[PDB]
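Residue numbers (the working numbering), protein chains in the order written: chain A, 1 to 481; chain B, 1001 to 1481; chain C, 2001 to 2481; chain D, 3001 to 3481.
Number of protein chains: 4
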Amino acid sequence: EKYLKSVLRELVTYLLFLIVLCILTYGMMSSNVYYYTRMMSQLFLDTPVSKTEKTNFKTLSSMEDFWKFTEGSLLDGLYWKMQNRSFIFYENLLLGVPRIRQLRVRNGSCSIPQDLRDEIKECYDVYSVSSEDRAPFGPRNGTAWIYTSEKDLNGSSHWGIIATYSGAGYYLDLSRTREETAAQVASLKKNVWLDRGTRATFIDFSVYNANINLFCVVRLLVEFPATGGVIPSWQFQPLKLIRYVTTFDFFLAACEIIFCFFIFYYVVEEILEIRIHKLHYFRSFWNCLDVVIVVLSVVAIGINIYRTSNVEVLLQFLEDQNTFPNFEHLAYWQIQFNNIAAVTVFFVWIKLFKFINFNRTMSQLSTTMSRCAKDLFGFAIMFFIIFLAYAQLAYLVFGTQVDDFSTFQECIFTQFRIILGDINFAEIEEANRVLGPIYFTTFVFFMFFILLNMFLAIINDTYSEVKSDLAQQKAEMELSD
Amino acid sequence: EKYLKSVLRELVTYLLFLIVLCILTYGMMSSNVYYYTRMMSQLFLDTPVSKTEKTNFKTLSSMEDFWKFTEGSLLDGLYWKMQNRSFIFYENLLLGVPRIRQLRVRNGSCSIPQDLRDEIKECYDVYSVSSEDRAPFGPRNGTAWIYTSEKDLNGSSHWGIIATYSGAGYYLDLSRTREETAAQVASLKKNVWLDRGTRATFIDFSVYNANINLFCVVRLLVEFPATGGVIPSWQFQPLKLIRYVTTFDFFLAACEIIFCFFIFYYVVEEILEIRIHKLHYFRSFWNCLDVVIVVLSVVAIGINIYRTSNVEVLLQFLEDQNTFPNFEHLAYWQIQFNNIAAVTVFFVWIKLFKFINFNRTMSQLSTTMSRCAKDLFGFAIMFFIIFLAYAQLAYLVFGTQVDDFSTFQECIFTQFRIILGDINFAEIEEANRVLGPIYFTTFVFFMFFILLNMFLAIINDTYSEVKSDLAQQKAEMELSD
Amino acid sequence: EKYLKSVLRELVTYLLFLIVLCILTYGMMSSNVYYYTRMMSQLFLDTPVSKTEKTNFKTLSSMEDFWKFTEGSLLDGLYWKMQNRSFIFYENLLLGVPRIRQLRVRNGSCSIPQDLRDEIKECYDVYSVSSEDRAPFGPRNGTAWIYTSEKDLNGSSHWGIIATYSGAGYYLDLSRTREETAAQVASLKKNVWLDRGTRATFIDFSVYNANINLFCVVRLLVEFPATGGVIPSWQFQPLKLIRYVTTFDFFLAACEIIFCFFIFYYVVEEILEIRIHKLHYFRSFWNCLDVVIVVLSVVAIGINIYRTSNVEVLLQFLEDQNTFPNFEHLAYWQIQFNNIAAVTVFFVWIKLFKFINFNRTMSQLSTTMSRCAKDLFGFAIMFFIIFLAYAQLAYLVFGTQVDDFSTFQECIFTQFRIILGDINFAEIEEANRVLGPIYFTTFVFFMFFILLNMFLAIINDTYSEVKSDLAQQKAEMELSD
Amino acid sequence: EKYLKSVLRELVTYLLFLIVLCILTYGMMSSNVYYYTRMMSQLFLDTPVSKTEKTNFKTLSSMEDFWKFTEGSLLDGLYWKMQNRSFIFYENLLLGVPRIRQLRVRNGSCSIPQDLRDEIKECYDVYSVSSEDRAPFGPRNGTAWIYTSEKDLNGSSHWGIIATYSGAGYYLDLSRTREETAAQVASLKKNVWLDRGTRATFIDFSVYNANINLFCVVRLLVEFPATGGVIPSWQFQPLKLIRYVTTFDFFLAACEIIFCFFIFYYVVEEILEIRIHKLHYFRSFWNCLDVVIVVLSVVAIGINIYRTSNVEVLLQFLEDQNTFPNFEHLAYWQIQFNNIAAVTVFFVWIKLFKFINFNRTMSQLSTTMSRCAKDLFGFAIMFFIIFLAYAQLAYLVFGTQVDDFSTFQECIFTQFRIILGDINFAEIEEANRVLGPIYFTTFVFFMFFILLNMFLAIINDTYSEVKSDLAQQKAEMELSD
Ligand SMILES: *[C@@H]1O[C@H](CO)[C@@H](O)[C@H](O)[C@H]1NC(C)=O
Ligand SMILES: *[C@@H]1O[C@H](CO)[C@@H](O)[C@H](O)[C@H]1NC(C)=O
Ligand SMILES: *[C@@H]1O[C@H](CO)[C@@H](O)[C@H](O)[C@H]1NC(C)=O
Ligand SMILES: *[C@@H]1O[C@H](CO)[C@@H](O)[C@H](O)[C@H]1NC(C)=O
Ligand SMILES: *[C@@H]1O[C@H](CO)[C@@H](O)[C@H](O)[C@H]1NC(C)=O
Ligand SMILES: *[C@@H]1O[C@H](CO)[C@@H](O)[C@H](O)[C@H]1NC(C)=O
Ligand SMILES: *[C@@H]1O[C@H](CO)[C@@H](O)[C@H](O)[C@H]1NC(C)=O
Ligand SMILES: *[C@@H]1O[C@H](CO)[C@@H](O)[C@H](O)[C@H]1NC(C)=O
Ligand SMILES: [Ca+2]
């Protein structure tokens, strides 16, 4: 009668905590941010490069296509001549200027083998910090032709497709009108700004939508591999820097204050329960889950105080509309805060299973799932050993031919897709006509037919044992009377 | 011997009821209505906008594409010059005129934040009834430039993609020939009829096929979001307003009279069974299903009497062939009647399980499925809590990047597709390269490998218990003799 | 010791029967007939209609596209001017001429409703034999403008997409060169040969490949619905009429004689076993399967004697190379013989399970699968009632919008694909935004989560009962000694 | 206490063996070889053939498209004019010249049937060694018009799509510049080099990337079937011939020496264990797996010594840069070595299950999987008989229409895809509208609903029996005390 009142107290606390958190994650995701990013993407990615071409930005193939993109579709997308400054789609203001930036490697950064020194003169290693070019090159008479260090253009290390590109390099800020920017890009193409030593080219800009009040930090990364070619990549990230403007935003700030108070409450409660039991605490499952929730929530509050709410670059940009707004770090911490927020909300919803042990069937199901975690963990070890064995088989066979097996983690995720049934078997069968079939049939027969059913066998036998033990307990208590 | 005759009586009633209902749902769905809507769709949606373009109506991107559509493909589709008035595909008569209609919002309907009042002048809020513009604008000298209320153009609230658009706005009826309509559309484009304040544009028309006798109420909705862009949408809805023309339609009207008599019979029978048992009635499953069937059938008869069979607008249109036929409400109640009819037919076919308890194995299967509904309901609660937890995780992570996770219900239905195996993992892995993988692998491992098999464990143990209890009952009755 | 010798006798008979049959079905399917049909298909279907168009034959939309096809891509495909008569791909001889044929309906074959008699003048019913036009029309001065009955052009009823088109109609044989055929097709287009009354247009021709010795009977059917539009369809069917040419074909004819002797043997054996047991014969499973095999094999021998080996039209064609070879019936009986042959081979391979009851585990598995057929049949009845209930729900909801739910059998097969995981959920969710989701989630939850696992529960309990009964039998026989 | 030290000894040996092997298979697969092959593929395959065409190399249709490819896209891809010799993508050196090669068949190599000898003059059999043309033809004044035997151009038998093409034929080495090569190809097209007798055309070349130090042996095979048409095929194979250049490659050679020492150790250990037990050795499972690993590793060491490390053709090429480097055999043994390496790594990871029998639950799972292999083998026999029966049904029905059922093994792998849920049901349903549906529904109902669940039933009953036998053993040992 007192434990039920305790569960009532920590339930009427927790449901208010969950309502506050699902209000915050209704205020974060504004209702149609998706259409903003898909209109920006279908403007800059999906449009054809020129009238005489059919390549997108998504399917670039060589470096001349990249010059046609920077001269053509990018300048038709950035500079909408208003029916001054350009409003993209006649709504989205282009903040300041876009910035193009290059990352180079040194000549002779690798090593040509001995018998081929007569033919091939120059080599260029795969991109690294040790291989990076610091020398000025070309006409040397501008910022685009002189190296600039990472701590002098306020950048950060971007994690691209095939490397981790640093924030330094050879930046050139563009201009406010289409004619000045086209003249600067033609001056870069004429003096050869992208040669054999280029390994990455960033195009950074930032737009602002005043209708729904969202920034958008576009980053278009083109990676030139050492193998020759072009790997395009993009990143559209909707910031929200100016909070206080609407009544609902004051409501969200009040819910932020209330959320900080709730996390203070739960941290103090878990410390008071850890002051009693020294280590009779992590031996349960719900106290460890409360540890995970309060650690992720303290990290979320630390990100939202120390990093995201630090709009020095916004007010510093709003003193002159002719520079480049450094919205890189705000977008990076917005991504980190979205990941921490989503994982915190997921474990808060998982925490609800302390409070639906109300019925007898719910107790049977919870006891069943708690008595099979040991044996499912052991079979998860065996299953993942055989699964990573097939993943390394597939990476050694198909790692040079198939997109779905290009890196090792992509081999793992391709095998989860093959288990579910999302196959592109045509490229596997034309990549290797012998082990393609043998890999595929043995992976279907020894996972989806045999090893998949073993998790299910463990769950069957555990559930039958739990139901029979409870029924036999009650039958013994009835035949003892 | 009397209960078997009672089951025989309520079986020879019910099978005639099912034959009447499957005759009605053979007369409703005429055999090839689908090709009529796909030829109308491949005329108006899938055709390229002009000769120099490759955009459809399905893939519009900006507002100039919409003007090229209204000037180009729409007028090549509506006005087939007959080898007067235009027969679409030389079969389908274009009833009257098409109507284009605009929904606007007021200038300054939102609020520009403080530090950006110097740069950005005007804002336009997301569409609502409070934000809607009522002021006349432009040249103000026609119906296209003056607001018209919802109750004065006989419209209704359309439920579009991103809002619930009202029926009011700035309508312009077009004309009978291609030249007059092209002149009116050029007069709209020249005087700027779609500006920054437009939030929706409807294009409504209605065709009639006299060969198979079906109307078709085309509604082409273009939504201009507050973010800038174009979301196209369409709705093709085959009415059938003139019933009595063929012998089979007199047969269908006779089956409608017979169906109303059967529903009178079943309602009186359920009231006579509810007059005996006051509440020893909903404690079963088949009486509650009869309640659901007679409620849905009374609602279907009410829709077919009070709403769908109300062709005042048809006979009112047939006094002058130069106006716009308001076929909005007939199409809306035809959609409602199709949903009620389909759900009524589904629960009538589910009702058949009163009458296939004839064999002993059928009794074993029915007792098995009736003894596991409690435990499958409890595990459905636990499964749906973990499932909605993953859906909110996916909505917070991918809700700004991926089409399949744009809204919350689309996150739920995308997760059902991931469980079945209909994945587009490329866009998930390029949206977020860390939690894309972690979300996907933990959702596969903790649903398709573990929580999916628990429903199956419940069904295994319940079926084994039921078969063993019946076999042990008969063995005890054999060893008692 | 005598039953084992009997099984040895009927095993060394049967394995020779299976080797003969898998030699016949290695001789029937020649090793690369597929590339012959895909080169004919990618010549006539996948090529663009003209240089200024992008439509295939597969994606025709209107009647002017069909005239551009008959004037353009068909005459560039049929008449390869040899580097006389035309060798398609410089290998495949075009036998004789192609024949184009039209099927019409009468004016006023339906009924215009009362209030619309002032506007719409003429109607044309959906195609049937009662609706068919017999009147001569147009200039009336040729075979293309005069009706010809089915028994006077040797045709047969084609089973198209939306009707069952008869063999009669308005045929026009084309000519041997491209210029004469283009002149005849231009004379058809100028005098308007396809008007509002056309319901089907066949294009029949036949090519012969002398390298691998195969005929190919191309039939291109364009169906013009009553709704207006074009439904294209095709049929490529590789005959083989001249048998005796290679040594392997004499070997195949010897295997045909040996197969007729084996079927004589099995029919006499089953009659001798039915003369003993009057009805203690169909009470087993393998005697009924032998009945199915000998009935299908007698039907296969009857088709191969009375119908397929009847090359009167081939030798009758080889007296003049300027007519049309009636290869319709030979292609139809070749399709029927391929279906009978494939089903006979499937049940012959199923018959092999009389002879792998050799081990004790094989006896356990066979007894298990024979003791669960009754209960799986009962649950197959319940499962198919709920499955057809969902299929009729989906046909009433989506039967006017979605290709995958166009007809009722396509609804059934689309639901099997949804169970496996081959979904196009985008068109379902844009067809109906309320019952699309509700139908999809309830079909996943009440099939793939609940009713799918019940077959598995039946198989689990039956296998556990069979293994425990055999183990308990041997334990009782060991504890009785 | 001594067996645990023995397991410790053969575990600290084996984990070092696994670390050495996963270092070798990190050095083999360089981190981004995939982007090198996809840039070569998107240069030579995915580019359009000319400016006025839309065909790739992947979708060739006839022989004039192949001449437009050899004159157009191939010469725009091979000969990048450097901003001498051509650097492809300004990085990849084109080694020497490309070689085009033709395989022909004789006139009259087949047999025209009797009644058609008047019409068709010449036939050409399907390609074989007996059918191959050895006669000189055309102008006869060069290497392109005179037969050259397989042992005089150092080729080997290529295993193409529809045949096994020999290494001989009519080769023509091209030249170093685009003008000379275009002149030679125009001289081949003008004098008709590809006629009716051509059955295959190889285009072989080899590029070298000095940045990441990889060769790439491009082979473009176009197969002209006897049916007329073009089947394109390609093969991109990244060699690595010059080993010693980097510090990591010296580390890899040291790991190769260490791997040869480990395989010497394991072979001597297995021979010492086979000298004790004569045949009490293959009766276990881990000794047979060690046999498989040491046989595959001795074969891998034999391939890497006797075949792959035999760079006579490289140093022989580096004496003159104007010939053709025979990199055929090095690419073939690199493919064989990748397959042997991947399968050896897979069975090494499978060998790890000797050493995770540490816990009691792991012992339960291993005993469970070892007691069900007999019954899963018996049901795998029954399942594969029914599965190959359906595969032969599908090959006889769909083997002339559908790509996914073209050959018999493709029917098997298409059925595994149908079981997982990767269906293209549209082409099956338009190939055969009766047995397409009946085959598909009976294959879903009698595999995914019934026979799939029987493996699972075997695993359920075996796991329940094993857990109950161990629990009953411990309960009997507790009730015996
Ligand atoms: C590149 O480096 C090579 C040697 O490392 C040198 O011979 C060559 O002149 C250099 N070229 C340029 C453009 O720096
Ligand atoms: C120096 O910079 C100017 C831009 O102001 C540019 O036009 C010029 O080309 C540069 N000098 C050389 C030698 O390229
Ligand atoms: C729009 O509103 C702003 C302030 O709300 C005003 O300054 C501006 O003049 C208005 N423009 C138009 C075109 O109404
Ligand atoms: C007034 O309406 C007419 C249409 O009759 C239109 O042509 C004209 O442009 C309108 N007036 C102005 C000032 O736009
Ligand atoms: C078609 O039939 C209608 C009435 O059935 C008639 O008035 C009309 O003249 C006919 N037209 C032709 C072309 O036969
Ligand atoms: C009569 O047939 C000829 C073909 O020989 C055709 O050219 C002509 O057009 C036909 N007559 C009429 C009046 O169309
Ligand atoms: C091909 O062979 C046939 C008979 O086999 C012969 O009549 C014909 O002249 C030959 N043609 C050529 C070009 O060799
Ligand atoms: C002989 O070879 C030359 C190439 O040097 C070629 O141009 C010529 O066409 C050949 N002779 C004949 C008769 O084709
Ligand atoms: Ca699946």
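Ideal Cβ positions, reconstructed from N, Cα and C, are used throughout, including at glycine.
8 Å is my cut-off, CB to CB: does residue i come that close to chain B?
{"i": "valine 33 (chain A)", "result": "yes"}
{"i": "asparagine 326 (chain A)", "result": "no"}
{"i": "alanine 2144 (chain C)", "result": "no"}
Helix, strand or coil: how does DSSP classify residue i here?
{"i": "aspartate 204 (chain A)", "result": "strand"}
{"i": "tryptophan 2193 (chain C)", "result": "coil"}
{"i": "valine 217 (chain A)", "result": "strand"}
{"i": "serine 2233 (chain C)", "result": "strand"}
{"i": "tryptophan 2159 (chain C)", "result": "strand"}
{"i": "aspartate 2173 (chain C)", "result": "strand"}
{"i": "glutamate 3132 (chain D)", "result": "strand"}
{"i": "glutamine 401 (chain A)", "result": "coil"}
Does residue i have its Cβ less than 8 Å from a Cβ in chain C?
{"i": "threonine 1246 (chain B)", "result": "yes"}
Under the assumption that residue i contacts residue j (Cβ atoms under 8 Å), give the Cβ distance between them as a whole number of angstroms.
{"i": "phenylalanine 236 (chain A)", "j": "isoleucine 100 (chain A)", "result": "Going by Cβ atoms, the distance from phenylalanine 236 (chain A) to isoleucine 100 (chain A) rounds to 18 Å, so no, they are not a contact pair."}
Kindly say whether residue i, judged by its beta-carbon, lies nearer than 8 Å to any beta-carbon of chain D.
{"i": "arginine 38 (chain A)", "result": "no"}
Looking at chain A, is there any beta carbon in it that lies within less than 8 Å of the beta carbon of residue i?
{"i": "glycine 3421 (chain D)", "result": "yes"}
{"i": "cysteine 1110 (chain B)", "result": "yes"}
Q: Indicate whether the contact test is met: 3 or more Cβ pairs, each with one atom in the region 3077-3091 of chain D and one in the region 3149-3162 of chain D, closer than 8 Å.
A: no
Q: Output the residues surrounding ligand 7, defined as those with a CB atom closer than 5 Å to any ligand heavy atom, in chain order.
A: D:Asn3107, D:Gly3108, D:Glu3122
(Q) Can you tell me which residues fall inside 5 Å of ligand 9, judged by beta-carbon distance to its nearest heavy atom, and keep chain order? (A) A:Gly421, B:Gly1421, C:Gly2421, D:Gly3421
Q.
Whether or not the region 201-216 of chain A and the region 1216-1234 of chain B are in contact is what I'm after, with contact meaning three or more pairs of Cβ atoms, one per stretch, closer than 8 Å; do they touch?
A. yes
Q.
Using 8 Å as the cut-off, can you tell me whether the region 3352-3371 of chain D makes contact with the region 3261-3272 of chain D, which would need three or more C-beta pairs spanning the two stretches below that distance?
A. no
Q) Can you list every residue whose CB sits closer than 6 Å to some heavy atom of ligand 6, going in chain order? A) C:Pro2139, C:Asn2141, C:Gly2142, C:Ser2187, C:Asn2191
Q. So, do the region 1189-1207 of chain B and the region 50-67 of chain A have three or more beta carbon pairs nearer to each other than 8 Å?
A. no
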